[PDB]
Amino acid sequence: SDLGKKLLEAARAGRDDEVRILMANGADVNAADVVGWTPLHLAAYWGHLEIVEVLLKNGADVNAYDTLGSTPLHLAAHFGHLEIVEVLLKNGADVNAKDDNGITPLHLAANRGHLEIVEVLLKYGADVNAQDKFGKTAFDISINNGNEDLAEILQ
Amino acid sequence: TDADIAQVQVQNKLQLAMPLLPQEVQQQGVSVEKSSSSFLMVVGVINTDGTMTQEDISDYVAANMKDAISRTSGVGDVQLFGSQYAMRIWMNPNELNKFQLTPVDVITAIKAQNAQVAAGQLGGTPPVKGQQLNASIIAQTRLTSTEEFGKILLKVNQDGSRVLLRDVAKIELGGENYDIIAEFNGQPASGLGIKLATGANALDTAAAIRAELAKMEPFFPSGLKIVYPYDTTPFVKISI
Amino acid sequence: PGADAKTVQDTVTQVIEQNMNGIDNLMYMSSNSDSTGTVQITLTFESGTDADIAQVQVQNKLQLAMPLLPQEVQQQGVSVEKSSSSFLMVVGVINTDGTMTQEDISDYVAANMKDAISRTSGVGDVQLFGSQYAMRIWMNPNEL
Amino acid sequence: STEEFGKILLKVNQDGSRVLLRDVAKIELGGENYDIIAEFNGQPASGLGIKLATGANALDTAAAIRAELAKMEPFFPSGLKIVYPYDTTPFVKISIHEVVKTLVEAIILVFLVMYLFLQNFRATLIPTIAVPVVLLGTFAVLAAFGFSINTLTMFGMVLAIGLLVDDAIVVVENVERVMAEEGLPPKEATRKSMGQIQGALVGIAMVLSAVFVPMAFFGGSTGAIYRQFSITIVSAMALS
Amino acid sequence: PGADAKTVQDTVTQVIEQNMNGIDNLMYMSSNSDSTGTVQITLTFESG
Amino acid sequence: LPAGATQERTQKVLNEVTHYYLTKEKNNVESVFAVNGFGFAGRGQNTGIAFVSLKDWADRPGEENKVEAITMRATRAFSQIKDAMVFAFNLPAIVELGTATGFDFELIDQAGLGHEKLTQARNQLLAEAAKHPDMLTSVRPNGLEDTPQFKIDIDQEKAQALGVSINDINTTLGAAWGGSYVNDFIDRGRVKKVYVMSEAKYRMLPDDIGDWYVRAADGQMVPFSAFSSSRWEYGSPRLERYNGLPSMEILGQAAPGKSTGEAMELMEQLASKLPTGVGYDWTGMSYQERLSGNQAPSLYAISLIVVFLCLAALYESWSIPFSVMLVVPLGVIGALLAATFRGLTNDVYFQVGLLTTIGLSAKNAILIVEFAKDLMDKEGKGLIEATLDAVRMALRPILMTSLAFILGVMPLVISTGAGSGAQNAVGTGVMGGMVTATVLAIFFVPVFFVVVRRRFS
Amino acid sequence: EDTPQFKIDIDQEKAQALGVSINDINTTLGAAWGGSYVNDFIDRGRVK
Ligand SMILES: CCCCCCCCCCCCO[C@@H]1O[C@H](CO)[C@@H](O[C@H]2O[C@H](CO)[C@@H](O)[C@H](O)[C@H]2O)[C@H](O)[C@H]1O
Ligand SMILES: CCCCCCCCCCCCO[C@@H]1O[C@H](CO)[C@@H](O[C@H]2O[C@H](CO)[C@@H](O)[C@H](O)[C@H]2O)[C@H](O)[C@H]1O
C-alpha cells in the first residue's frame with residue numbers, strides 16, 4: 001500500500017511527527033520491503049527509540065523476521081541500541097531468535113562487544129550455550145575477538 | 001626551458017623503465033617533481049596540551065593536511081618530517097617456528113583475510129524475466145583495526161586449536177618508516193617541508209598554503225597548533 | 001566489474017586521489033564511486049589553463065599510481081579525458097525489422113562506422129553509445 | 001569464433017569422455033555490460049556522440065558527417081537506419097542567417113530613413129558603403145584575437161548596429177545641415193562639419209571603450225561570456 | 001615480442017590509430033607493423 | 001524508481017513515457033530516446049532518462065506547441081504514475097556549462113567521522129533549510145540514498161578445515177555473480193574482450209548462492225552454504241568525495257524575490273551549527289559567483305572613473321562631464337519597464353543591451369554638450385541660446401538613428417521561432433531602452449547642461 | 001665513506017638438498033630484517 005511504504009521511509013528517517021500522523025490514518029505496521037524489513041526492523045537498525053515504542057503500541061510484530069530470518073532484536077543488539085533492546089524484550093521479543101545462519105542477538109552483541117546489551121539479553125534468559133551453523137557460541141566469539149571483559153561475563 | 005615539457009619528456013622515458021623496475025619499487029610509488037632543491041618554508045605542527053605524541057601528530061599531518069598542501073599550485077614537493085601510520089605486524093621468530101610457520105605464511109594470510117572483494121549483485125544485469133530484487137553483494141572488506149588483524153587465522157592444528165596472527169606477532173598502528181623524528185624547541189612535533197615548484201612565485205604560493213592551512217585549523221583535535229619555524233618568504237616581502 | 005561503491009572507493013578512488021599532487025592551477029577535485037563498479041574523478045582547473053598541459057599532468061600522475069590499483073582495474077585500464085567539452089550532434093543507429101539487438105547494432109557501428117566518422121574533417125571526438133561485442137561465457141553451476 | 005571457445009578442453013574423465021566449455025556454459029557474442037538498455041521509439045538503438053574539433057566549422061563538419069554516413073548506406077544490414085535525435089547545426093545555420101537578415105534589414109531601414117529626411121539617393125549610399133566595411137573589418141579583428149563565429153559574437157554585432165548606423169548618419173546628416181544653413185560646397189562643408197565632430201567622435205570612442213572593455217576582465221564562465229560581447233562591440237565601435 | 005605483422009596490426013596499430021582523431025594541426029598519419037612485433041605510428045603536423 | 005527497483009520495472013515506466021509522447025504529443029514529438037539504467041545524479045537499474053526530440057519549429061505554431069508547454073503537460077500527466085518520480089524539463093541554454101541556477105554546496109567529513117555520521121549531519125542541514133521556505137527552496141541531496149545490500153561472511157576456519165582456498169571461494173563468487181574479464185580474442189580482425197559470468201537464472205536470489213560449489217584440496221565439491229553466512233545491511237550505492245575527503249553534494253536555489261548571495265549566507269550560518277568535524281565548501285556555479293561578485297565593484301569603479309576622465313579631457317572641465325553622465329538612468333528605466341512588462345529577466349543579453357542603450361544615449365548628449373560648449377567658447381553665445389541652438393541641430397540626427405534602430409530590433413522583439421529566447425532578451429531591453437532614451441534625453445539633456453553650468457561657474 | 005656490512009651467502013646445494021626454496025629464504029630474510037609492504041587497509045576512512 002501507499003501509506004505502508006511512507007511508514008517504512010518515515011521509520012528509517014526517524015521523523016517522529018510523520019509516524020504519528022501515519023498511525024492515526026492507519027499505515028500498515030506489518031508493511032515489508034523486498035528484503036522483508038518492517039518499520040520496526042528499520043527503526044531498530046537506525047536506532048529510533050521513540051518510533052520503536054509507537055510501532056509496538058500500534059500492534060507491530062516484535063518477532064517479525066526478514067527473508068534471512070533476522071528480527072528487530074538482532075539489528076538493535078548488533079548496532080548497540082541498548083534502550084531499544086530493552087523495549088523490544090519488554091514487549092516479548094524472542095531472546096533466543098535464530099536467523100537462517102543460526103545466529104542469535106547474543107552472538108551479534110558479543111561480536112561487536114556491547115557489554116550492556118549482552119547482560120540485558122542474559123537477564124531475559126538468552127541461551128549462552130546456543131551454537132550457530134559453525135557450532136560457535138557467544139563465548140567462542142569473545143575469546144577469538146580477544147574481549148577479556150566480555151569473556152569474564154559469559155561464565 | 002619549459003618545466004612542464006621537461007617533466008613530460010623525463011616521465012615519457014621513465015615509463016619505458018618502470019616495467020623493468022622491481023615490483024616492490026613500483027608499489028612504493030615512483031615520483032617525478034619539478035621544484036627548487038631548497039625549502040620554501042617548513043610548516044611545523046605541535047600539541048600544546050601534550051595529548052598527542054610525535055607519532056600521533058605525524059599521522060594526523062599525513063592523513064588530514066599533507067595531500068591538500070601537495071595539490072596546491074606552486075607546491076613542487078612536500079616532505080613529511082615524520083611518517084603516516086601503517087598496520088605494523090611485528091613478527092616473533094620463536095613463535096613462528098613453534099607453529100611451523102614463516103613470514104611467507106603471514107604475508108599469504110594477510111593478502112587473503114585483509115581483502116576488498118568484488119562479489120557482484122543479486123538480480124544483476126542481464127537479469128531473468130520477473131526479477132523484483134536488485135542489491136549489491138558485500139563479501140570481505142579491508143580490516144580497520146589491530147583487533148581484526150589480530151584474529152587473522154594462520155592455521156588450525158591437528159587437535160583443532162587455532163593459531164591467530166597475534167599469537168606469532170605484536171600488532172599496533174605505527175609509521176611506514178621510523179627514520180624521521182622532528183622537534184620544535186625541544187617539544188614533540190611533525191611538519192611539512194615545502195619546496196617551490198619551478199618558476200612559481202614564492203609569495204603567491206606561501207599565501208595559497210596559509211589559505212589551505214586556515215581551512216584545516218577549525219577541525220583540529222584539542223591541543224594541535226600550526227607553528228612557523230622556517231619561512232624564506234617574509235624576507236622577500238619585507239626586503240621589497 | 002562486479003565491484004560495490006565502497007570496494008571501488010577504497011581500492012581505486014582513494015589511491016588515485018592521493019597521487020593527484022604536483023599538478024598546476026588545480027582549483028578543486030571531486031569524485032563519486034557507485035555500485036555499478038565505476039569511479040569518475042573530475043579535476044577542474046583555473047580559467048586560462050592549457051587543457052592539454054592539465055590533462056597530460058593528470059595522466060602522468062595516474063600512470064605512476066597504476067601499480068597501486070587492483071589487477072582487475074589495471075586490466076580494464078583508467079581513461080583520462082577532457083570532460084568540459086560538449087556534443088555537436090548525436091547520430092542514432094536503429095534496427096526497424098527487429099533482426100538486431102542493441103549489442104548487434106553497437107558492434108556494427110564500432111566495426112564499420114565509428115573510425116570513418118572519427119577520420120571525417122572537423123570531428124574532434126566520437127563516443128559509442130554501447131560497446132563492441134564480447135565473448136560471453138554464461139556458466140552453469142549444476143554442470144560445473 | 002564462439003565455436004572454438006565451445007571446443008576449449010576443461011577435463012578428460014577416466015572412461016575417456018571429454019568435458020568442453022560448451023558442456024558447462026552457454027557461449028555467444030554479447031555486450032561488454034548490460035546496465036544500459038537504449039531504445040529509439042521502442043526499437044533497439046545504438047549511436048555516436050560527435051564533438052567538434054578545435055578551430056573547426058560546425059556547418060562544414062555536420063555536412064561532412066552526413067556525406068560519410070551516405071557512403072555507408074549501401075553496406076548497412078537490412079533494417080539498419082540512421083536518425084538525428086540531437087543536432088546543434090540548425091541553431092548556428094539560423095543564428096548566422098537571422099544575423100545576416102538583421103544587418104541587411106538595418107541597411108535597408110537606414111536607406112529609407114536617410115531618404116525620408118535628406119531626400120537624395122547620393123546621401124543614402126554613404127551609410128550603405130560604410131556599415132558593410134565596418135562589419136567586415138570587425139570579423140578580421142575577431143579572427144586576429146582568436147575568436148569564433150558563435151551565438152554570442154553574432155548577437156554582439158546585432159547589439160552594436162545602433163552605434164555603427166549612428167556614426168554613418170551623424171557624419172552625413174551634419175554635412176547636409178552645414179550646406180543647407182551656410183551654402184558651402186560639399187568639400188568645404190565636410191571640412192567644417194568634421195571639424196565640429198572629430199574631437200567628440202574620438203572622445204565617444206574612449207568613453208565607450210571604458211564602458212565595455214572592463215566587462216571583458218571578469219573571471220570564470222561569466223567573464224568568458226561577457227568577453228565575447230565586449231571584444232565584438234568595442235572592435236565594431238573602434239572601426240566605425 | 002613474438003607477434004607477426006597481422007596479429008600486432010589488429011591488437012596494437014589499429015587500436016592506437018582509431019584513437020589518433022581530433023588532434024590539432026594533423027596533416028597525415030603513416031604507420032608500419034612488421035614480423036618482429038614492432039609498430040611505429042608517425043603523425044606529421046602542419047608547418048608552424 | 002524507489003531503492004532496489006529492477007531494470008524491467010524501470011523499462012515499463014519508460015514504455016509509458018514513450019507511449020505518451022507518441023500518443024498525446026504526436027503533432028510535436030519526432031522521436032523518444034529511452035536510456036534505461038543511467039541518470040545524471042547516479043546510475044543503477046532504478047534510474048533512466050527519455051531524450052525527447054521534437055519536429056521543426058515551423059511545424060509547431062504557438063506557445064501551446066513549445067517545449068515549456070509540452071514540459072508542463074508531460075510533468076502533470078506523469079504525476080499519476082505510482083512508485084516512480086517522473087517529470088520533464090528543458091535543457092540549459094549552454095549544455096557545456098550545466099544548469100547554472102541556484103547554488104552548489106559540498107558537505108565535507110573533515111575528521112574521519114564516516115558515511116553514517118555525514119548522512120546524519122546532512123539530514124540535520126536539510127531539515128534546518130526546510131524551516132526557511134522564505135529564503136531557501138528545493139534544498140536536496142544531489143547523490144543517492146543508502147540501499148539494502150547482501151553481506152556474505154566467508155568463515156575462514158571452516159574453509160581451512162574443509163581444505164578450500166579463499167582465492168577459489170572469492171574467484172568463484174566474483175566471476176559467477178559479478179563477472180570476470182579473462183583475456184582478449186580477435187573477432188573478424190578486431191581485438192575484443194572475453195567475459196566469464198553466471199547465466200542469469202543462477203545469480204538472481206540468495207538461495208542461488210548455495211548452488212555454487214568450490215573444489216577442496218582432497219577433490220570433494222563443497223557447497224557455498226557450508227562455509228558462508230549472510231545477513232541484510234544498508235550501504236551507499238554511490239559514495240562522493242571533494243578535495244580527497246568524504247563529501248555529499250547539496251543543490252538548492254534562493255526563494256522568490258531573494259538573491260542567491262543571501263541564500264548562500266544562510267546555508268553558511270546553518271552549516272556552522274552542525275556536529276564537530278563537519279565542514280563545507282562552495283563548488284561549480286557557486287565558486288564562480290563568489291569570485292565574479294568580488295570583481296564587480298572594482299570594475300564598475302574603473303568604468304565610471306575612465307568615462308569621467310575622457311569626458312573631462314574632451315570638454316576641458318571637471319564639471320561638464322556630469323551633464324553627459326546624468327543620461328544613464330533615462331535609457332535604463334525604459335529597458336526595465338519593457339523587461340518587467342513582457343515578463344523577461346535581468347540576463348546577459350539584457351545587461352549588454354543596457355550598455356549599448358546607455359552608450360548611444362551618452363553619445364547623443366556628448367554631441368549636444370560639445371556643440372553647446374563650442375557655441376559658447378568660439379561664437380560667444382549665452383548658455384540658454386547655445387543649448388537651444390544645440391538641441392535644434394541635434395533633433396534630426398537623433399530621431400533618424402532612433403527610428404532606424406527601433407525598427408531594426410522590432411523583428412527580434414516579436415520573434416517566436418528558433419533562438420527567439422535570445423532575440424527577445426536582445427530586442428525587448430534595447431527597444432524600450434531606446435524609446436525612453438530618445439523621448440527623455442531631448443528634453444532632459446539641455447536641463448542637465450544648463451543646471452551643471454549654473455552650479456559650477 | 002664505506003662502512004662494515006653483514007655479507008650472507010645462501011648455499012644453493014644445501015637449500016636444494018633440504019628442500020628449502022630460494023623464494024622462501026629471500027622473503028623470510030627480506031620481510032623480517034628489511035620489512036615487506038603486503039597490501040592496504042582503511043584507518044578511519046583513509047587507505048594506508
Ligand atoms: C550586411 C552585409 C555585410 C557584409 C558582411 C557580413 C558577412 C556575413 C555575416 C556572416 C559571416 C559568416 O558567414 C557564414 O560562413 C559560414 C562558413 O564559415 C557558412 O557556413 C555554411 O554555409 C553553407 C550554408 O548553406 C553550408 O552549406 C556550408 O556547409 C557551410 O560552409 C555560412 O553559410 C555563412 O553564412
Ligand atoms: C579604455 C580603458 C579601459 C580600462 C581597462 C582597465 C583594465 C581592467 C583591470 C582589471 C583588473 C582587476 O581589478 C582588480 O580586481 C580584484 C578582484 O579580482 C580587486 O580586488 C578586490 O577584492 C576585494 C574582494 O573582497 C574587494 O572587496 C576590493 O574592493 C578589491 O580590492 C582589485 O582591487 C582590482 O584592482
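The chains referred to below are lettered A, B, ... by the order of the sequence lines, with proteins before strands, and numbering in each begins at 1. When a ligand or atom number is given, it counts from 1 through the structure's own listing order.
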Is D/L59 touching ligand 1 with its side chain, its backbone, both, or neither, if touching means heavy atoms under 4.0 Å apart?
both

Is it the side chain, the backbone, both or neither of D/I149 that has a heavy atom closer than 4.0 Å to ligand 1?
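For D/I149, only side-chain atoms sit under 4.0 Å from ligand 1.
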
Is the positively charged end of D/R66 above the ring of D/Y84, judged by distance under 6.0 angstrom from the centroid and angle within 45° of the axis?
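Positive - D/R66 is close enough to the ring of D/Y84 and near enough to its axis.
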
Cationic tip of D/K51 within the cone over C/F87's six-membered ring, i.e. under 6.0 Å and within 45° of the normal?
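Output yes; distance and angle both within limits.
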
Which residue from [options] reaches closest to [atom] through any of its heavy atoms?
| atom | options | answer |
| --- | --- | --- |
| atom 5 (C) of ligand 2 | F/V306, D/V211, D/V213 | D/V213 |
| atom 9 (C) of ligand 1 | D/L142, D/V100, D/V99 | D/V100 |
| atom 25 (O) of ligand 1 | D/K101, D/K93, D/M157, D/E105 | D/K93 |

Under 4.0 angstrom from [atom], is there any protein heavy atom?
| atom | value |
| --- | --- |
| atom 2 (C) of ligand 1 | no |
| atom 21 (C) of ligand 1 | yes |
| atom 35 (O) of ligand 1 | yes |
| atom 31 (O) of ligand 1 | yes |
| atom 17 (C) of ligand 1 | yes |
| atom 27 (O) of ligand 1 | no |

Distance only, no hydrogens: is a donor on one side chain within 3.5 Å (strictly under) of an acceptor on the other, for [X] and [Y]?
| X | Y | answer |
| --- | --- | --- |
| D/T222 | F/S292 | yes |
| C/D115 | C/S118 | no |
| F/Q288 | D/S221 | yes |
| F/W282 | F/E289 | no |
| F/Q423 | F/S415 | yes |

Within ligand 2, which atoms have a heavy atom of D/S209 less than 4.0 Å away?
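What qualifies from ligand 2 is 1 (C).
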
In ligand 2, which numbered atoms sit nearer than 4.0 Å to a non-hydrogen atom of F/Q295?
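So the atoms of ligand 2 that pass are 17 (C), 18 (O).
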
Check if D/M154 has a non-hydrogen atom at a distance under 4.0 Å from any atom of ligand 1.
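The answer is no, since D/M154 has no heavy atom less than 4.0 Å from ligand 1.
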
Looking at F/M325, I want to see if its CE is surrounded by more than 12 non-hydrogen atoms of other residues, nucleotides or ligands under 6.0 Å.
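Yes, because the 6.0 Å sphere around CE of F/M325 holds more than 12 heavy atoms from other groups.
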
Salt-bridged, D/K71 to D/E68, with N to O below 4.0 Å?
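Between D/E68 and D/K71 there is a salt bridge, with a charged N closer than 4.0 Å to a carboxylate O.
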
